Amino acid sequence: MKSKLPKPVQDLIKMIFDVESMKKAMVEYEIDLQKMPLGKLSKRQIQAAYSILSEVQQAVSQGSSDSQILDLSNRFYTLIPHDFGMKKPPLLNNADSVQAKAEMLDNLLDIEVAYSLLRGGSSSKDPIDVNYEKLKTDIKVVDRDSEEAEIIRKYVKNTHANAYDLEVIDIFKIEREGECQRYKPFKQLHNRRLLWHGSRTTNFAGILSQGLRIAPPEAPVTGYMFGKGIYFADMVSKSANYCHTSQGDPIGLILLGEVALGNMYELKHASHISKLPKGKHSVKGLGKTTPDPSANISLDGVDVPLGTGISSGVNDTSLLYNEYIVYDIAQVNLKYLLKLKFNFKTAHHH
């Protein structure tokens, strides 16, 4: 039986469950696919590797010796086998190294979730329908001529301004099973905004299945600029840089989420939050650029900051764009999924 899902929904299913994309992501990370094939990735393995990174982070902090640190570095590579060819395995002895390996584990985790989902279960059904249902998400195509489509394109167009233009191909209205009920206690909080979240295409089967998640306790808290939360932006330029597109594959996926921010703890610099101050429900990283606040609109009771980029007054800040971080997964209600085309082209700075 052939699926009766619209072709954009079917094409999305194939895109996010694509096994060759999962293998390609691991090769770019230089993981040894012979010692550690796709099907041997596990949650405990990845958690064990995070803990080693936390131990490395504390070895630098406590002035550990070279032998101490090298043995930890080798434990990581025994757990997650890499193939560096001629090259020596990089030593995990600095905050930069552990931050790169932390980000790789973040992405390897969503690949494990996707591949497990794809191989779990059972026929007579179209496999595209079978795998749609595994996502436990209602996925609808938004009409290109609707007003919500026009607002979403305006949000993309206004908040983008580095060597590429963005083209919205498809807009999906999404509803993760159970997420609305989980979000309800926070629908009452004030300061709810519609924000961007970009990620690699290999993460979206996990994102739809399990929602946006917080890094686990084993992960190094110094791996995350503002601590272990869920990160959003108010400008598509910031989020789109996480889509991991290229000349060979110029199509990415990006989310629009309703985020209940409440009272924002405003920071200009990194802070490894493990608990918010009393009275604060979120963090706002202040950027030098902000969408023009006189152009805000309200789409279904949620503020949508689609103003064109203007300068904020903020000085001595390390961020070009605003960032919003919440530390409770229930503060997020995913609303739209966009398939974006990256049209790469240079243009000099005026």
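By rigid core we mean the largest C-alpha set that fits within 1.5 Å across both forms. Heads up: residue numbers just count along the shown sequence, starting at 1.
Review point. How do 230-238 and 77-85 compare in 5 other deposited structures of this protein: which one has C-alphas farther from this form after the rigid core is matched?
Key: Of the two stretches, the larger average C-alpha offset in 5 other deposited structures of this protein falls on 77-85.
Point to revise | More variable segment, 191-199 or 268-276 [Cα RMS over structures in 5 other deposited structures of this protein, core-superposed] | key: So, of the two stretches, the farther one in 5 other deposited structures of this protein is 268-276.
Review point. Between residues given as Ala161 and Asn162, how many of the deposited sequence are not built: none, 1 to 3, 4 to 9, or 10 or more?
Key: 1 to 3 residues are missing.
Check your understanding: How much of the deposited sequence is absent from the coordinates between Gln247 and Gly248: none, 1 to 3, 4 to 9, or 10 or more residues?
Key -> Per the record, no deposited residues are absent between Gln247 and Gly248.
Practice item. Decide which of the stretches 191-199 and 72-80 has the higher mean C-alpha B-factor, going by the entry. Key: Looking at the record's C-alpha B-factors, the answer is 72-80.
Check your understanding: If you average the Cα B factors in the entry, which is higher, 166-174 or 272-280?
Key -> That would be 272-280.
Review point. Which is it among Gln210, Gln181, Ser146, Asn241: the one with the largest CA B-factor in the entry?
Key: That would be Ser146.
Practice item. Return the residue from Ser318, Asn322, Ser51, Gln45 that has the highest Cα B-factor in the entry. Key: Answer for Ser318, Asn322, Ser51, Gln45: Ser318, with the highest C-alpha B-factor.
Exercise for review: Compare the C-alpha B factor of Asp234 with those of the other modelled residues in its chain, then answer lowest, middle or highest third.
Suggested key: For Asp234, the deposited C-alpha B-factor lands in the lowest third.
Review point. Split the chain's modelled residues into thirds by Cα B-factor; is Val98 in the lowest, middle or highest one?
Key: As the PDB entry reports it, the C-alpha B-factor of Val98 lands in the highest third of its chain.
Practice item. Please rank the C-alpha B-factors of the chain's modelled residues and tell me whether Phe186 sits in the lowest, middle or highest third. Key: Top third by C-alpha B-factor.
Practice item. Give the position of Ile310 by CA B-factor within its chain, expressed as the lowest, middle or highest third. Key: Highest third, going by the recorded CA B-factors of the chain.
Exercise for review: Could you tell me which third, lowest, middle or highest, the C-alpha B-factor of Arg153 occupies within its chain?
Suggested key: Tercile = middle for this residue's CA B-factor.
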